[PDB]
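Letter by letter, the chains look like this.
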Amino acid sequence: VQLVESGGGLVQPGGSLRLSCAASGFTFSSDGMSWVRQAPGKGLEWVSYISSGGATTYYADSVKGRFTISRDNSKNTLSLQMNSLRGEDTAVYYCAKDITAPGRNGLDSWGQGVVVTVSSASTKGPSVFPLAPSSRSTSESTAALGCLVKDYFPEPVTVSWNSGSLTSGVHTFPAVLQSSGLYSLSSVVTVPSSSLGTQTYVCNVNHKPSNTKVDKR
Amino acid sequence: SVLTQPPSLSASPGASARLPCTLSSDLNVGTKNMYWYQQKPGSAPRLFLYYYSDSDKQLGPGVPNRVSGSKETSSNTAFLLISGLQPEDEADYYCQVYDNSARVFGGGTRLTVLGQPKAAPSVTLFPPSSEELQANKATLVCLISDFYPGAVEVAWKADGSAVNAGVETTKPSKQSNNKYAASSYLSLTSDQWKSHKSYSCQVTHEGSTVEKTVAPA
């Protein structure tokens, strides 16, 4: 059984995408089908169902009126029309067999999914702010300082410290994607407290997609 | 209509794991078909178990006979049973039913097959920077590192009351020493920040909670 989705990508809020899924390895026209979505780092939620012959369609409340599910049983394709897209809709979209047998149902087979990203930005440089030591945090000599890298798009950003001279104790975290469509990210360093009066800390933020660099003291 | 799953479970290879799913009171576990999907990291879900009763059940394609299910009508709970745990069983597991043609998923349970020493999270909370505040903005940053299993849940408090909006949390990411890291952001206005005496980040790791606190003064 193969289910191969296509037609995702980036769209601005209030726009439209059309997803497609081509099926093989089973008699497609005999089976019901569903779409299921998974927002980044969250769980599964069902989107829509269409029956083997197209007569019956169902929609989740968060999607009803905006999306349309479709089938072409001659071509063995499943389709999802997505209108009036908003930030909630950013997710991976899976196509699945949603079967009727005697006494059971079930999502028996799943495609590998297509990414749908809804961002109102297209290219945004970050705002970099200091994360100042702010407390002894004693641990004999250890202090944590950082840089917050706020509201940038798209990925990626890289971060250095003191132009690549400071590498031990550097922890640059994976980015979060917020409901606004923008990424934020943090990098911290563990440093001797004794050195905070002698040593300058500079984080080197590179955002190649927007042709921006920042050195934040 | 809600399906309640624990956030995470861990067990050693060769042991048995018992994954619960509690159905809200509008549903009767006795007469519901139960579907369990396995999601390994980076992969689409997969049908893992269909369970209705000990006489009506079916394993997913490829799923070994180490797997089974059960139901307890008194607590309205269904169970997924995996014995002789192998490292290959480490995944996220979702229960699902059909409810008047709506497809309802539980929230997922992350099952870790222990292959390395446990470690409690190291948690640092940073307040908004003075530069950001002076731009009428206030991002709190909670950084969580060096933990195993790679499963944590993050809540926020303002003056001792739960925070209900403005939170975004990354999924855990494997770091260089094979432990896990995650981050959480609380996005406020400056005037919001100044309205409370304290904010707190609460990090839960396998049922134990650590709380760090910062004050706007």
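As a numbering rule, every chain is indexed from 1 in the order its sequence is written, which need not reproduce the entry's residue numbers; residues that lack coordinates are not presented. For naming, the first written chain is A and the first written ligand is 1, with later ones following in the order written. Side-chain calculation: all heavy atoms of the structure are included, whereas hydrogens and water are not.

Per the PDB record, the structure was determined using X-ray crystallography to 2.2500 Å resolution.

The name the PDB entry assigns to chain B is rhMZ100-C antibody light chain, from the organism Macaca mulatta. The record lists its title as "Crystal structure of a NHP anti-ZIKV neutralizing antibody rhMZ100-C".

Chain A has the name rhMZ100-C antibody heavy chain in the PDB entry, where Macaca mulatta is given as its organism.

Draft legend 1. Examining the overall build of chain A more closely. Per the convention used, a helix needs a DSSP run of H or I reaching at least four residues, while a strand needs a run of E reaching at least two, with both numbered from the N terminus. On a plain count of helices and strands, chain A comes out with 0 helices and 18 strands. Radius of gyration here uses only the C-alpha atoms, and the compact-globule reference equals 2.2 Å multiplied by the residue count raised to the power 0.38. Computed over its C-alpha atoms, the radius of gyration of chain A comes to 24 Å, more than 25% above the 17 Å expected for a compact globule of 217 residues. On the principal axes, the C-alpha backbone points of chain A span a range of 75 × 35 × 30 Å. Taking all 217 residues of chain A together, 47% fall into the buried category. Contact between two residues is taken to exist if any of their heavy atoms lie within 4.5 Å; hydrogens are not considered. Contacts spanning at least 24 positions in sequence make up 57% of the contacts within chain A whose residues lie at least 6 apart. When the accessible surface of chain A is totalled, it reaches about 10000 Å², and 47% of it is carbon and sulfur. Relative accessibility thresholds used throughout: buried, under 20% of the residue-type maximum; exposed, over 50%; partly exposed, between the two (1.4 Å probe, protein chains only). Using a 1.4 Å probe, the Shrake-Rupley method yields the accessible areas, and only the shown protein chains count as cover for residues.

Draft legend 2. Representation of the sheet that holds strand β17 (residues 203-207) of chain A within the structure. Residues and elements named next belong to chain A. In this scheme, strands are said to pair when DSSP sees at least two bridges between them. The sheet built from 3 strands is open, its strands ordered β13-β17-β18 with antiparallel pairing. Looking at strand neighbours, the two that pair on one side only are β13 (158-161) and β18 (212-216), the edges of this open sheet. Strand after strand, the sheet turns through a mean of 15° between neighbouring axes, direction not considered. As paired elements, β17 and β18 share 5 bridges and run antiparallel to each other. When the sheet's bridge partners are listed, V205 is paired in β18 with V214. Under this scheme, a helix contributes an axis fitted over its contacting stretch, all axes are lines through C-alpha atoms, and angles between N-to-C directions fall in the 0 to 180 degree range.

Draft legend 3. Spotlight on the domain arrangement of chain B. Residues and elements named next belong to chain B. Each domain span listed reflects an automatic or database assignment of domains. According to the domain assignment, chain B consists of domain 1 (3-113) and domain 2 (122-214). Inter-centroid distance (C-alpha atoms) of domain 1 to domain 2 is 31 Å. In this assembly, 6 residues from domain 1 lie in contact with 7 residues from domain 2. Taking both sides of the interface into account, the surface hidden between domain 1 and domain 2 amounts to around 530 Å²; carbon and sulfur atoms contribute 47%. By buried area we mean the combined loss of accessible area, with a 1.4 Å probe, across both parts when two parts are placed together. Interface area lost by domain 1 to domain 2 is led by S8, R110 and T112, which between them contribute 65%.

Draft legend 4. Quick peek at the state of the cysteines. Residues and elements named next belong to chain B. Disulfide: a pair of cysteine sulfur atoms within 2.5 Å of each other. The full count for this structure, using the stated rule, is 3 disulfides over all chains. Covalently, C21 is tied to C95 through a disulfide, its sulfur atoms 2.1 Å apart. The sign of the S-S torsion, about 65°, decides the handedness of the disulfide formed by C21 and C95: right-handed. On the criterion of sequence distance, the pair formed by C21 in strand β3 (residues 17-23) and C95 in strand β9 (residues 91-99) is long-range, its members being 74 residues apart. The residues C21 and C95 share a single accessibility class, namely buried. What pairs with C142 in a disulfide is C201, and their sulfur atoms sit 2.0 Å apart. The sign of the S-S torsion, about -80°, decides the handedness of the disulfide formed by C142 and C201: left-handed. With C142 in strand β13 (residues 137-147) and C201 in strand β19 (residues 199-205), this residue pair connects regions lying 59 residues apart in the sequence.

Draft legend 5. Highlighting the side chain of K216 of chain A. With respect to the element layout, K216 of chain A can be found in strand β18. Judged by its relative accessible area of 17%, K216 of chain A is buried. Among the polar contacts made by the side chain of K216 of chain A, one reaches the side chain of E131 of chain B at a distance of 2.4 Å. Residues within four places of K216 of chain A in sequence aside, it is in contact with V128, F129, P130, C147, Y201, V202 and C203 of chain A together with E131 of chain B. Residues adjacent in sequence count toward polar contacts only when both atoms are side-chain atoms; beyond that, a polar contact is any pair of N or O atoms within 3.5 Å, and within protein one must be able to donate a hydrogen and the other to accept it.

Draft legend 6. Just the sheet that holds strand β7 (residues 67-72) of chain B, in detail. Residue and element names in this part refer to chain B. Judged by pairing direction, the sheet is antiparallel, and its 4 strands sit side by side in the order β1-β3-β8-β7 without closing on themselves. Each edge of the open sheet carries a strand with a single partner, namely β1 (3-4) and β7. Two elements, β7 and strand β8 (residues 77-82), share 6 bridges in a ladder whose sense is antiparallel. The residue of β8 that forms the bridge with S68 is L81.

Draft legend 7. Quick look at the interface of chain B and chain A. Counting residues at the interface gives 39 residues for chain B and 44 residues for chain A. Both sides of the chain B and chain A interface together cover about 3200 Å² of buried area, and 62% of this is carbon and sulfur. The largest share of the area that chain B buries against chain A comes from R103, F105 and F126 of chain B, three residues that together contribute 19% of it. For this analysis, a salt bridge means a side-chain nitrogen from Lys or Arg found within 4 Å of a carboxyl oxygen belonging to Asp or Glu. Summed over the shared surface of chain B and chain A, the result is 2 salt bridges. Across the pair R103 of chain B and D98 of chain A runs a salt bridge whose closest N-O atoms are separated by 3.0 Å. For the interface between chain B and chain A, the tally reads 13 residue pairs in polar contact. Basically, the charged four are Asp, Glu, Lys and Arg, the nonpolar ten are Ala, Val, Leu, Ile, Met, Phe, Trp, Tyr, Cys and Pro, and anything else, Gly included, counts as polar. Of the residues that constitute the side of chain B that touches chain A, the class distribution is 18 nonpolar, 14 polar and 7 charged.

Draft legend 8. Expanded view of the packing of aromatic side chains. Note on ring pairs: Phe, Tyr and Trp rings are taken, using the six-membered ring of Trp, and paired if centres are within 6.5 Å. Classes follow the plane angle, with under 30 degrees stacked, over 60 edge-to-face and the rest tilted. Scanning all chains against the criterion turns up 12 aromatic pairs over all chains. Linked through ring pairs, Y94 and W110 of chain A together with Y37 and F105 of chain B together constitute an aromatic cluster. Lying across the ring of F79 of chain B, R18 of chain B places its NZ or CZ 4.6 Å from the centre. Only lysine NZ and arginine CZ atoms are considered, and such an atom sits over a ring when it is within 6 Å of the ring centre and within 35 degrees of the ring normal. Across the ring face of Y49 of chain A, the terminal group of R103 of chain B is positioned such that the distance to the ring centre comes to 4.2 Å.

Draft legend 9. Fine view of the nonpolar core. Residues and elements named next belong to chain A. Formed by 27 residues in total, the largest nonpolar core has its most connected members in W35, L78, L80 and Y93. Elements with a minimum of two residues in this core: β3 (17-24), β4 (33-38), β5 (45-50), β7 (67-72), β8 (77-82), β9 (91-97) and β10 (114-118). When residues of this core are assigned to their parent elements, the largest contribution, 4 residues, is made by β3. To define a nonpolar core, start from buried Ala, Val, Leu, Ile, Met, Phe, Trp, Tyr and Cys residues and group those joined through side-chain atoms within 4.5 Å.

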